[PDB]
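Structure file entry15.pdb; described as PDB, C-alpha atoms and all ligand atoms.
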```pdb
ATOM      1  CA  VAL F   3      -8.707  14.383 -13.286
ATOM      2  CA  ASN F   4      -6.242  14.062 -10.391
ATOM      3  CA  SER F   5      -2.721  15.284  -9.612
ATOM      4  CA  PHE F   6      -0.837  11.990 -10.011
ATOM      5  CA  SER F   7       1.912  12.327 -12.621
ATOM      6  CA  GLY F   8       4.266  10.085 -14.588
ATOM      7  CA  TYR F   9       2.340   6.827 -14.090
ATOM      8  CA  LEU F  10       2.085   4.062 -16.651
ATOM      9  CA  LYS F  11      -1.522   2.932 -17.166
ATOM     10  CA  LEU F  12      -1.877  -0.838 -16.783
ATOM     11  CA  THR F  13      -5.676  -1.147 -16.882
ATOM     12  CA  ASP F  14      -8.788   0.992 -16.701
ATOM     13  CA  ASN F  15      -8.161   1.669 -12.992
ATOM     14  CA  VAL F  16      -4.580   0.559 -12.111
ATOM     15  CA  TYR F  17      -1.525   2.779 -12.669
ATOM     16  CA  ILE F  18       2.139   2.171 -11.764
ATOM     17  CA  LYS F  19       5.347   4.180 -11.267
ATOM     18  CA  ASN F  20       8.909   3.741  -9.989
ATOM     19  CA  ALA F  21       8.750   6.019  -6.957
ATOM     20  CA  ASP F  22       9.392   6.415  -3.242
ATOM     21  CA  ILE F  23       5.897   6.341  -1.722
ATOM     22  CA  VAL F  24       7.022   8.756   1.001
ATOM     23  CA  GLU F  25       8.161  11.345  -1.532
ATOM     24  CA  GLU F  26       5.080  10.729  -3.684
ATOM     25  CA  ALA F  27       2.705  11.249  -0.754
ATOM     26  CA  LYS F  28       4.429  14.478   0.290
ATOM     27  CA  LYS F  29       4.075  15.833  -3.260
ATOM     28  CA  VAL F  30       0.514  14.726  -4.047
ATOM     29  CA  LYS F  31      -0.946  14.800  -0.515
ATOM     30  CA  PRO F  32      -3.498  12.203  -1.655
ATOM     31  CA  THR F  33      -6.787  11.575   0.068
ATOM     32  CA  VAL F  34      -5.594   8.057   0.979
ATOM     33  CA  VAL F  35      -2.102   6.598   1.280
ATOM     34  CA  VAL F  36      -1.934   2.855   1.941
ATOM     35  CA  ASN F  37       0.500   1.526   4.534
ATOM     36  CA  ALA F  38       1.928  -1.994   4.332
ATOM     37  CA  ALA F  39       1.018  -2.667   7.952
ATOM     38  CA  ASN F  40       1.238  -5.602  10.335
ATOM     39  CA  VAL F  41      -1.520  -6.592  12.764
ATOM     40  CA  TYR F  42       0.148  -4.761  15.679
ATOM     41  CA  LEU F  43       0.650  -1.548  13.682
ATOM     42  CA  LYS F  44       4.350  -1.696  14.615
ATOM     43  CA  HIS F  45       5.878   0.408  11.843
ATOM     44  CA  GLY F  46       9.467  -0.742  11.993
ATOM     45  CA  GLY F  47      10.689  -1.280   8.442
ATOM     46  CA  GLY F  48       9.756  -1.391   4.798
ATOM     47  CA  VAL F  49       7.051   1.013   3.673
ATOM     48  CA  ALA F  50       5.630   1.231   7.205
ATOM     49  CA  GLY F  51       8.914   2.257   8.792
ATOM     50  CA  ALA F  52       9.474   4.829   6.048
ATOM     51  CA  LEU F  53       5.989   6.363   6.283
ATOM     52  CA  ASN F  54       6.182   6.497  10.057
ATOM     53  CA  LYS F  55       9.627   8.144   9.997
ATOM     54  CA  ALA F  56       8.262  10.815   7.644
ATOM     55  CA  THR F  57       5.545  11.599  10.247
ATOM     56  CA  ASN F  58       8.181  12.084  12.976
ATOM     57  CA  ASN F  59       6.715   8.998  14.777
ATOM     58  CA  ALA F  60       3.209  10.515  15.022
ATOM     59  CA  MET F  61       1.861   7.562  13.024
ATOM     60  CA  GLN F  62       3.287   5.155  15.616
ATOM     61  CA  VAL F  63       1.881   7.144  18.557
ATOM     62  CA  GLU F  64      -1.590   7.159  16.987
ATOM     63  CA  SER F  65      -1.279   3.468  16.116
ATOM     64  CA  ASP F  66      -0.326   2.473  19.664
ATOM     65  CA  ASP F  67      -3.482   4.139  20.973
ATOM     66  CA  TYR F  68      -5.532   2.365  18.276
ATOM     67  CA  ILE F  69      -4.162  -1.052  19.311
ATOM     68  CA  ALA F  70      -4.592  -0.346  23.027
ATOM     69  CA  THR F  71      -8.282   0.349  22.369
ATOM     70  CA  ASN F  72      -9.122  -2.177  19.647
ATOM     71  CA  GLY F  73      -6.536  -4.953  19.695
ATOM     72  CA  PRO F  74      -4.662  -6.246  16.657
ATOM     73  CA  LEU F  75      -5.934  -6.223  13.114
ATOM     74  CA  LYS F  76      -6.595  -9.414  11.160
ATOM     75  CA  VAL F  77      -4.264 -10.559   8.396
ATOM     76  CA  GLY F  78      -6.159  -9.382   5.322
ATOM     77  CA  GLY F  79      -7.785  -6.566   7.308
ATOM     78  CA  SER F  80      -7.351  -2.823   7.590
ATOM     79  CA  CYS F  81      -8.109   0.312   9.538
ATOM     80  CA  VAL F  82      -8.346   3.986   8.576
ATOM     81  CA  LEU F  83      -6.193   6.365  10.615
ATOM     82  CA  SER F  84      -4.789   9.842  10.060
ATOM     83  CA  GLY F  85      -2.519  10.536   7.113
ATOM     84  CA  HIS F  86      -0.618  13.082   9.239
ATOM     85  CA  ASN F  87       1.570  15.299   7.017
ATOM     86  CA  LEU F  88       1.482  12.799   4.124
ATOM     87  CA  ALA F  89      -2.197  12.414   3.161
ATOM     88  CA  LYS F  90      -5.662  13.064   4.519
ATOM     89  CA  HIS F  91      -6.006   9.429   5.636
ATOM     90  CA  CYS F  92      -3.768   6.398   5.940
ATOM     91  CA  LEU F  93      -5.373   3.037   5.157
ATOM     92  CA  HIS F  94      -3.290   0.514   7.123
ATOM     93  CA  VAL F  95      -3.668  -2.800   5.257
ATOM     94  CA  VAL F  96      -2.221  -6.107   6.460
ATOM     95  CA  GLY F  97      -1.111  -8.376   3.655
ATOM     96  CA  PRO F  98       0.201 -11.825   4.545
ATOM     97  CA  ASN F  99       3.877 -11.948   5.509
ATOM     98  CA  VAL F 100       5.347 -15.042   3.868
ATOM     99  CA  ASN F 101       8.358 -14.774   6.168
ATOM    100  CA  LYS F 102       5.869 -15.517   8.996
ATOM    101  CA  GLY F 103       4.187 -18.446   7.218
ATOM    102  CA  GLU F 104       0.925 -16.627   6.459
ATOM    103  CA  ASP F 105      -1.513 -17.749   3.767
ATOM    104  CA  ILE F 106      -0.825 -15.998   0.455
ATOM    105  CA  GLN F 107      -4.508 -16.503  -0.411
ATOM    106  CA  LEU F 108      -5.200 -13.692   2.080
ATOM    107  CA  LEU F 109      -3.592 -11.214  -0.331
ATOM    108  CA  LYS F 110      -6.866 -10.931  -2.255
ATOM    109  CA  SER F 111      -8.739 -10.144   0.973
ATOM    110  CA  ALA F 112      -6.121  -7.490   1.755
ATOM    111  CA  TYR F 113      -6.582  -5.782  -1.622
ATOM    112  CA  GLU F 114     -10.393  -5.840  -1.227
ATOM    113  CA  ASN F 115      -9.973  -3.122   1.417
ATOM    114  CA  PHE F 116      -8.918  -0.735  -1.369
ATOM    115  CA  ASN F 117     -12.426  -0.920  -2.887
ATOM    116  CA  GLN F 118     -13.791   1.166  -0.003
ATOM    117  CA  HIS F 119     -11.867   4.207  -1.336
ATOM    118  CA  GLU F 120     -12.340   5.890  -4.703
ATOM    119  CA  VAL F 121      -8.644   6.777  -5.212
ATOM    120  CA  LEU F 122      -5.521   5.543  -3.397
ATOM    121  CA  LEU F 123      -1.737   5.823  -3.476
ATOM    122  CA  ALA F 124      -0.379   2.417  -2.511
ATOM    123  CA  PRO F 125       2.544  -0.020  -2.469
ATOM    124  CA  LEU F 126       2.296  -3.591  -3.699
ATOM    125  CA  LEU F 127       0.920  -5.573  -0.769
ATOM    126  CA  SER F 128       3.044  -8.397   0.670
ATOM    127  CA  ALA F 129       6.027  -7.367  -1.514
ATOM    128  CA  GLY F 130       9.439  -6.367  -0.218
ATOM    129  CA  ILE F 131      10.119  -7.579   3.320
ATOM    130  CA  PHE F 132       6.729  -9.359   3.463
ATOM    131  CA  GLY F 133       8.306 -11.963   1.172
ATOM    132  CA  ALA F 134       5.694 -12.526  -1.555
ATOM    133  CA  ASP F 135       6.374 -12.432  -5.294
ATOM    134  CA  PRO F 136       5.705  -8.849  -6.479
ATOM    135  CA  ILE F 137       4.575 -10.069  -9.919
ATOM    136  CA  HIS F 138       1.874 -12.093  -8.181
ATOM    137  CA  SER F 139       0.892  -9.160  -5.966
ATOM    138  CA  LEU F 140       0.409  -6.952  -9.027
ATOM    139  CA  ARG F 141      -1.749  -9.614 -10.679
ATOM    140  CA  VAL F 142      -3.896  -9.835  -7.549
ATOM    141  CA  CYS F 143      -4.167  -6.045  -7.349
ATOM    142  CA  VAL F 144      -5.336  -5.727 -10.955
ATOM    143  CA  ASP F 145      -7.806  -8.609 -10.558
ATOM    144  CA  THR F 146      -9.227  -7.388  -7.210
ATOM    145  CA  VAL F 147      -9.148  -3.589  -6.960
ATOM    146  CA  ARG F 148     -11.884  -1.803  -8.909
ATOM    147  CA  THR F 149     -11.256   1.718  -7.596
ATOM    148  CA  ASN F 150      -8.454   3.934  -8.906
ATOM    149  CA  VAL F 151      -5.082   2.828  -7.546
ATOM    150  CA  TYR F 152      -1.722   4.520  -8.111
ATOM    151  CA  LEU F 153       1.025   2.013  -7.296
ATOM    152  CA  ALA F 154       4.484   3.175  -6.209
ATOM    153  CA  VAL F 155       7.304   0.648  -6.714
ATOM    154  CA  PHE F 156      10.436   1.847  -4.889
ATOM    155  CA  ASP F 157      12.914  -0.431  -6.670
ATOM    156  CA  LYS F 158      13.633   0.722 -10.232
ATOM    157  CA  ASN F 159      14.893  -2.691 -11.304
ATOM    158  CA  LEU F 160      11.731  -4.256  -9.902
ATOM    159  CA  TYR F 161       9.552  -1.602 -11.550
ATOM    160  CA  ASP F 162      11.046  -2.370 -14.959
ATOM    161  CA  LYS F 163      10.473  -6.095 -14.402
ATOM    162  CA  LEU F 164       6.816  -5.602 -13.412
ATOM    163  CA  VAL F 165       6.004  -3.579 -16.535
ATOM    164  CA  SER F 166       7.831  -5.864 -18.966
ATOM    165  CA  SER F 167       6.167  -8.964 -17.508
ATOM    166  CA  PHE F 168       2.700  -7.442 -17.159
ATOM    167  CA  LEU F 169       0.013  -9.372 -19.003
TER     168      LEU F 169
HETATM  169  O1  LIG D   1       5.368  -3.194  -0.478
HETATM  170  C1  LIG D   1       6.581  -3.735  -0.974
HETATM  171  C2  LIG D   1       7.263  -2.612  -1.814
HETATM  172  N1  LIG D   1       7.899  -1.606  -0.954
HETATM  173  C3  LIG D   1       7.818  -0.185  -1.114
HETATM  174  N2  LIG D   1       7.044   0.299  -2.124
HETATM  175  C4  LIG D   1       6.960   1.660  -2.282
HETATM  176  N3  LIG D   1       7.559   2.640  -1.554
HETATM  177  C5  LIG D   1       8.309   2.071  -0.571
HETATM  178  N4  LIG D   1       9.031   2.907   0.334
HETATM  179  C6  LIG D   1       9.698   2.055   1.218
HETATM  180  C7  LIG D   1       9.413   0.723   0.898
HETATM  181  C8  LIG D   1       8.528   0.699  -0.243
HETATM  182  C9  LIG D   1       8.344  -3.300  -2.764
HETATM  183  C10 LIG D   1       9.187  -2.267  -3.561
HETATM  184  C11 LIG D   1       9.568  -2.934  -4.910
HETATM  185  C12 LIG D   1       8.527  -4.053  -5.146
HETATM  186  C13 LIG D   1       7.678  -4.156  -3.848
HETATM  187 CL    CL D   2       9.547  -3.352   1.632
END
```

As structure tokens, what does this structure read like?
Ligand SMILES: OC[C@@H](Nc1ncnc2[nH]ccc12)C1CCCC1
Ligand SMILES: [Cl-]
Amino acid sequence: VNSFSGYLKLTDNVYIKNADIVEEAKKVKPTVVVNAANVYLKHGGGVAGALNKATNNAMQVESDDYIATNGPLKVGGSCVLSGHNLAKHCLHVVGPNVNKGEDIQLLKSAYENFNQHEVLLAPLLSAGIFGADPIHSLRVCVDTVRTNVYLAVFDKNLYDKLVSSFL
């Protein structure tokens, strides 16, 4: 039993809700919140910009030190950093950005990072400003993640479309 509330159950392990991931994280304070990161951990917009703003830029400060030490992530890769005031940990995961010409096949690799954590609050990877089809991202999530994932879909119209089209 966990403290996530109001989610629709899609499969044994995948759950979904129309919600602002920032507001959800502040309420639940989950062990792991997933950020829709880029390889430079530059949290400018989308989920990343919103999560970073909610940390008063502490996420960005921590991320800049991470990059200065380690260099950029790989597309499809991840790193674990602090969750600041939002969660215990933030799993920064880089899905492919179609608006950069990156290989959508890497979306499965990106979701595989979730399997290293028993429970996560997450957005749909590569959706929104990363330019992939959210219906496809949900299919990849369900077919790749085996741990317990609570998906927050900001857009209500998109949320309704994902449920009604879910196979
Ligand atoms: O990952 C892309 C995802 N974006 C967010 N998800 C959850 N919370 C969010 N807060 C700010 C942006 C954001 C899109 C939202 C509708 C479909 C995918
Ligand atoms: Cl977005």

For the contact check between chain F and ligand LIG 1 (chain D), emit one row per residue of chain F within 6 Å, containing the shortest atom pair and the distance in Å rounded to one decimal, counting only C-alpha atoms and all ligand atoms, chain then rising number order, as a Markdown table.
```
| residue | atom | partner | partner_atom | distance |
| --- | --- | --- | --- | --- |
| F:22 | CA | D:LIG1 | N3 | 4.5 |
| F:23 | CA | D:LIG1 | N3 | 4.1 |
| F:48 | CA | D:LIG1 | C7 | 4.4 |
| F:49 | CA | D:LIG1 | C7 | 3.7 |
| F:52 | CA | D:LIG1 | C6 | 5.6 |
| F:125 | CA | D:LIG1 | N2 | 4.5 |
| F:126 | CA | D:LIG1 | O1 | 4.5 |
| F:127 | CA | D:LIG1 | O1 | 5.1 |
| F:128 | CA | D:LIG1 | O1 | 5.8 |
| F:129 | CA | D:LIG1 | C1 | 3.7 |
| F:130 | CA | D:LIG1 | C1 | 4.0 |
| F:136 | CA | D:LIG1 | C12 | 5.7 |
| F:154 | CA | D:LIG1 | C4 | 4.9 |
| F:155 | CA | D:LIG1 | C4 | 4.6 |
| F:156 | CA | D:LIG1 | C4 | 4.3 |
| F:157 | CA | D:LIG1 | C11 | 4.5 |
| F:160 | CA | D:LIG1 | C11 | 5.6 |
```

request  = Write out as a PyMOL selection string each polymer residue whose atoms come within 7 Å of residue 93 (chain F), counting all atoms listed in the file; drop sequence neighbours fewer than 3 positions from it.
outcome  = chain F and resi 34-37+80-83

Write the residues you've just listed into a file as an mmCIF file, in the frame of the given file, and include C-alpha atoms for each of them.
```cif
data_model
loop_
_atom_site.group_PDB
_atom_site.id
_atom_site.type_symbol
_atom_site.label_atom_id
_atom_site.label_comp_id
_atom_site.auth_asym_id
_atom_site.auth_seq_id
_atom_site.Cartn_x
_atom_site.Cartn_y
_atom_site.Cartn_z
ATOM 1 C CA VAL F 34 -5.594 8.057 0.979
ATOM 2 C CA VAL F 35 -2.102 6.598 1.280
ATOM 3 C CA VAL F 36 -1.934 2.855 1.941
ATOM 4 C CA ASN F 37 0.500 1.526 4.534
ATOM 5 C CA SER F 80 -7.351 -2.823 7.590
ATOM 6 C CA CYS F 81 -8.109 0.312 9.538
ATOM 7 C CA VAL F 82 -8.346 3.986 8.576
ATOM 8 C CA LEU F 83 -6.193 6.365 10.615
#
```

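Straight-line separation from CA of residue 5 (chain F) to CA of residue 24 (chain F): 15.8 Å.
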
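Here the question is which of F:10, F:30, F:140, F:134 gets nearest to ligand CL 2 (chain D) using all atoms listed in the file, and that residue is F:134.
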
Residue contacts of residue 123 (chain F) (12 Å, all atoms listed in the file) excluding same-chain residues fewer than 6 positions away, as a short mmCIF file (atom, residue, chain, number, x, y, z; two decimals) with C-alpha atoms, keeping the file's coordinate frame:
```
data_model
loop_
_atom_site.label_atom_id
_atom_site.label_comp_id
_atom_site.auth_asym_id
_atom_site.auth_seq_id
_atom_site.Cartn_x
_atom_site.Cartn_y
_atom_site.Cartn_z
CA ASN F 4 -6.24 14.06 -10.39
CA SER F 5 -2.72 15.28 -9.61
CA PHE F 6 -0.84 11.99 -10.01
CA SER F 7 1.91 12.33 -12.62
CA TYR F 9 2.34 6.83 -14.09
CA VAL F 16 -4.58 0.56 -12.11
CA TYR F 17 -1.52 2.78 -12.67
CA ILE F 18 2.14 2.17 -11.76
CA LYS F 19 5.35 4.18 -11.27
CA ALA F 21 8.75 6.02 -6.96
CA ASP F 22 9.39 6.42 -3.24
CA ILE F 23 5.90 6.34 -1.72
CA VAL F 24 7.02 8.76 1.00
CA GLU F 25 8.16 11.34 -1.53
CA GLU F 26 5.08 10.73 -3.68
CA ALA F 27 2.70 11.25 -0.75
CA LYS F 28 4.43 14.48 0.29
CA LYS F 29 4.08 15.83 -3.26
CA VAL F 30 0.51 14.73 -4.05
CA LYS F 31 -0.95 14.80 -0.52
CA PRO F 32 -3.50 12.20 -1.66
CA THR F 33 -6.79 11.58 0.07
CA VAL F 34 -5.59 8.06 0.98
CA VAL F 35 -2.10 6.60 1.28
CA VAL F 36 -1.93 2.86 1.94
CA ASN F 37 0.50 1.53 4.53
CA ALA F 38 1.93 -1.99 4.33
CA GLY F 85 -2.52 10.54 7.11
CA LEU F 88 1.48 12.80 4.12
CA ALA F 89 -2.20 12.41 3.16
CA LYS F 90 -5.66 13.06 4.52
CA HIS F 91 -6.01 9.43 5.64
CA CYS F 92 -3.77 6.40 5.94
CA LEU F 93 -5.37 3.04 5.16
CA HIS F 94 -3.29 0.51 7.12
CA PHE F 116 -8.92 -0.74 -1.37
CA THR F 149 -11.26 1.72 -7.60
CA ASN F 150 -8.45 3.93 -8.91
CA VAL F 151 -5.08 2.83 -7.55
CA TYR F 152 -1.72 4.52 -8.11
CA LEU F 153 1.02 2.01 -7.30
CA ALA F 154 4.48 3.18 -6.21
CA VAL F 155 7.30 0.65 -6.71
#
```

Contact residues around region 63-75 of chain F with only C-alpha atoms at 9 Å, ignoring same-chain residues under 6 positions, as a list in words = residues 40, 41, 42, 43, 44, 45, 81, 83, 84, 95 and 96 of chain F

query = For residue 115 (chain F), which residue out of F:137, F:147, F:39, F:100 is the nearest one, using all atoms listed in the file?
reply = F:147

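Within 12 Å of residue 108 (chain F), once all atoms listed in the file are used and residues closer than 2 positions along the same chain are dropped, the contacting residues are residues 76, 77, 78, 79, 95, 96, 97, 98, 99, 100, 103, 104, 105, 106, 110, 111, 112, 113, 114, 115, 127, 128, 134, 139, 142 and 146 of chain F.
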
key: Residue nearest residue 47 (chain F) among F:118, F:20, F:132, F:162 (counting only C-alpha atoms)   = F:132

request  = Just give me the gap between CA of residue 87 (chain F) and CA of residue 57 (chain F) in Å, one decimal is fine.
outcome  = 6.3 Å

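Between residue 144 (chain F) and the candidates F:62, F:117, F:107, F:54, the tightest atom-to-atom separation, counting all atoms listed in the file, involves F:117.
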
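If you look at CA of residue 86 (chain F) and CA of residue 124 (chain F), they are 15.9 Å away from each other.
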
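The shortest atom-to-atom distance to ligand CL 2 (chain D), with only C-alpha atoms and all ligand atoms taken into account, belongs to F:51 out of F:51, F:109, F:120, F:163.
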
Nearest-residue call for ligand CL 2 (chain D), choices F:3, F:143, F:12, F:50, using all atoms listed in the file = F:50

Centre, edges in Å (one decimal): axis-aligned box, region 18-28 of chain F, 8 Å padding on all six sides, as JSON:
```
{"center_x": 5.8, "center_y": 8.3, "center_z": -5.4, "size_x": 23.3, "size_y": 28.3, "size_z": 28.8}
```

Can you patch up region 69-92 of chain F, filling it in to N, CA and C atoms, and show the result as a PDB file, in the coordinates of the input?
```
ATOM      1  N   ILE F  69      -4.286   0.339  18.877  1.00  0.00           N
ATOM      2  CA  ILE F  69      -4.162  -1.052  19.311  1.00  0.00           C
ATOM      3  C   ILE F  69      -4.581  -1.205  20.771  1.00  0.00           C
ATOM      4  N   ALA F  70      -4.207  -0.251  21.622  1.00  0.00           N
ATOM      5  CA  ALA F  70      -4.592  -0.346  23.027  1.00  0.00           C
ATOM      6  C   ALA F  70      -6.106  -0.377  23.182  1.00  0.00           C
ATOM      7  N   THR F  71      -6.827   0.307  22.298  1.00  0.00           N
ATOM      8  CA  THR F  71      -8.282   0.349  22.369  1.00  0.00           C
ATOM      9  C   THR F  71      -8.930  -0.856  21.701  1.00  0.00           C
ATOM     10  N   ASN F  72      -8.419  -1.259  20.532  1.00  0.00           N
ATOM     11  CA  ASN F  72      -9.122  -2.177  19.647  1.00  0.00           C
ATOM     12  C   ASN F  72      -8.485  -3.548  19.512  1.00  0.00           C
ATOM     13  N   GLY F  73      -7.240  -3.721  19.935  1.00  0.00           N
ATOM     14  CA  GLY F  73      -6.536  -4.953  19.695  1.00  0.00           C
ATOM     15  C   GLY F  73      -6.018  -5.038  18.270  1.00  0.00           C
ATOM     16  N   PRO F  74      -5.301  -6.120  17.969  1.00  0.00           N
ATOM     17  CA  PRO F  74      -4.662  -6.246  16.657  1.00  0.00           C
ATOM     18  C   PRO F  74      -5.663  -6.362  15.516  1.00  0.00           C
ATOM     19  N   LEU F  75      -5.196  -5.962  14.341  1.00  0.00           N
ATOM     20  CA  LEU F  75      -5.934  -6.223  13.114  1.00  0.00           C
ATOM     21  C   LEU F  75      -5.865  -7.709  12.775  1.00  0.00           C
ATOM     22  N   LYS F  76      -6.673  -8.103  11.793  1.00  0.00           N
ATOM     23  CA  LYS F  76      -6.595  -9.414  11.160  1.00  0.00           C
ATOM     24  C   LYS F  76      -5.648  -9.345   9.963  1.00  0.00           C
ATOM     25  N   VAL F  77      -4.934 -10.443   9.693  1.00  0.00           N
ATOM     26  CA  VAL F  77      -4.264 -10.559   8.396  1.00  0.00           C
ATOM     27  C   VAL F  77      -5.326 -10.537   7.306  1.00  0.00           C
ATOM     28  N   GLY F  78      -5.147  -9.658   6.321  1.00  0.00           N
ATOM     29  CA  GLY F  78      -6.159  -9.382   5.322  1.00  0.00           C
ATOM     30  C   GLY F  78      -7.041  -8.197   5.651  1.00  0.00           C
ATOM     31  N   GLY F  79      -6.945  -7.656   6.870  1.00  0.00           N
ATOM     32  CA  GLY F  79      -7.785  -6.566   7.308  1.00  0.00           C
ATOM     33  C   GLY F  79      -7.104  -5.208   7.221  1.00  0.00           C
ATOM     34  N   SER F  80      -7.814  -4.196   7.715  1.00  0.00           N
ATOM     35  CA  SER F  80      -7.351  -2.823   7.590  1.00  0.00           C
ATOM     36  C   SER F  80      -8.013  -1.946   8.641  1.00  0.00           C
ATOM     37  N   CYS F  81      -7.441  -0.758   8.815  1.00  0.00           N
ATOM     38  CA  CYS F  81      -8.109   0.312   9.538  1.00  0.00           C
ATOM     39  C   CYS F  81      -7.714   1.639   8.903  1.00  0.00           C
ATOM     40  N   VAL F  82      -8.591   2.629   9.047  1.00  0.00           N
ATOM     41  CA  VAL F  82      -8.346   3.986   8.576  1.00  0.00           C
ATOM     42  C   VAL F  82      -7.895   4.835   9.754  1.00  0.00           C
ATOM     43  N   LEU F  83      -6.719   5.436   9.629  1.00  0.00           N
ATOM     44  CA  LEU F  83      -6.193   6.365  10.615  1.00  0.00           C
ATOM     45  C   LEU F  83      -5.783   7.647   9.900  1.00  0.00           C
ATOM     46  N   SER F  84      -5.217   8.585  10.655  1.00  0.00           N
ATOM     47  CA  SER F  84      -4.789   9.842  10.060  1.00  0.00           C
ATOM     48  C   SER F  84      -3.671   9.624   9.040  1.00  0.00           C
ATOM     49  N   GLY F  85      -3.650  10.471   8.012  1.00  0.00           N
ATOM     50  CA  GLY F  85      -2.519  10.536   7.113  1.00  0.00           C
ATOM     51  C   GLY F  85      -1.434  11.495   7.549  1.00  0.00           C
ATOM     52  N   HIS F  86      -1.630  12.186   8.669  1.00  0.00           N
ATOM     53  CA  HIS F  86      -0.618  13.082   9.239  1.00  0.00           C
ATOM     54  C   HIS F  86      -0.214  14.096   8.177  1.00  0.00           C
ATOM     55  N   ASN F  87       1.073  14.336   7.979  1.00  0.00           N
ATOM     56  CA  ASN F  87       1.570  15.299   7.017  1.00  0.00           C
ATOM     57  C   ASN F  87       1.687  14.728   5.614  1.00  0.00           C
ATOM     58  N   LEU F  88       1.274  13.482   5.397  1.00  0.00           N
ATOM     59  CA  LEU F  88       1.482  12.799   4.124  1.00  0.00           C
ATOM     60  C   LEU F  88       0.235  12.714   3.255  1.00  0.00           C
ATOM     61  N   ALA F  89      -0.947  12.668   3.864  1.00  0.00           N
ATOM     62  CA  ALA F  89      -2.197  12.414   3.161  1.00  0.00           C
ATOM     63  C   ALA F  89      -3.316  12.790   4.117  1.00  0.00           C
ATOM     64  N   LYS F  90      -4.540  12.871   3.604  1.00  0.00           N
ATOM     65  CA  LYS F  90      -5.662  13.064   4.519  1.00  0.00           C
ATOM     66  C   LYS F  90      -5.797  11.871   5.464  1.00  0.00           C
ATOM     67  N   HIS F  91      -5.818  10.663   4.900  1.00  0.00           N
ATOM     68  CA  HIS F  91      -6.006   9.429   5.636  1.00  0.00           C
ATOM     69  C   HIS F  91      -4.908   8.448   5.272  1.00  0.00           C
ATOM     70  N   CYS F  92      -4.582   7.572   6.217  1.00  0.00           N
ATOM     71  CA  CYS F  92      -3.768   6.398   5.940  1.00  0.00           C
ATOM     72  C   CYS F  92      -4.629   5.158   6.138  1.00  0.00           C
TER      73      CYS F  92
END
```
